[PDB]
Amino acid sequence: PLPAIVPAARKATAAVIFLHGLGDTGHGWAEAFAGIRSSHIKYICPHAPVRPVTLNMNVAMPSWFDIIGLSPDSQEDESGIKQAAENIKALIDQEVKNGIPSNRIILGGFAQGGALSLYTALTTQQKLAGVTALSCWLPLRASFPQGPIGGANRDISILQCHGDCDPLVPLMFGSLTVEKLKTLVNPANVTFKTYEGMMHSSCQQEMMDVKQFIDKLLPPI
């Protein structure tokens, strides 16, 4: 259905597109971003389609792409990630058609959605304002060139968050992802923040770190 949105009180001069995690909807994150909303920023939380998930023996659940395993050597749904990223590209392009330029748009997500937002930002030619990647990883690591990506977003700013007690997406997945991100874009704009005791969820301190990151890269007027 239609994405869960936190409308800008005013006119929207910026936008945040946040992608939920596996099995979720956009409603919960939309409500979370309502608590850190800035009156000139529209917040968009799309809903992943219900689809079979291989690791659950194809029980159908909301998922941006198929998951085969949790190990860093598990085969990844290459065509699904790529096609899902193309859907997010279209979601960014329509916000531009409606008024908000892409360089006024932050793309982000949590876990599977955070993986998708990272892949999308690093492979699209639309210039984005930044990335907020929570408790996630870089999908299709080895498909990336061996140096900087170059192109639109080679200087994109990435705030990446992770809980140090995550049992599902281990903390070392995020830190290694941040190591890869530092070789893919300008490392002076890549921030890795860890939250002690936090598992595979979010905390208010992280939500306020996220707002501080959004408010600086997307200030008014």
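Don't overthink the numbering: it's just position in the shown sequence, from 1.
Mean CA B-factor, 107-115 versus 140-148: the higher value falls on 140-148. The PDB entry reports B-factors from which the mean C-alpha value can be compared for 20-28 and 6-14; the larger average falls on 6-14.
In the PDB entry, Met199 places in the lowest third of its chain by CA B-factor. In this PDB entry, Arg51 carries a Cα temperature factor that places it within the lowest third of its chain's modelled residues. In this PDB entry, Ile41 carries a Cα temperature factor that places it within the middle third of its chain's modelled residues. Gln125: CA B factor lies in the highest third for its chain, per the PDB record. The entry lists a Cα temperature factor for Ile68 that places it in the middle third of the chain's modelled residues.
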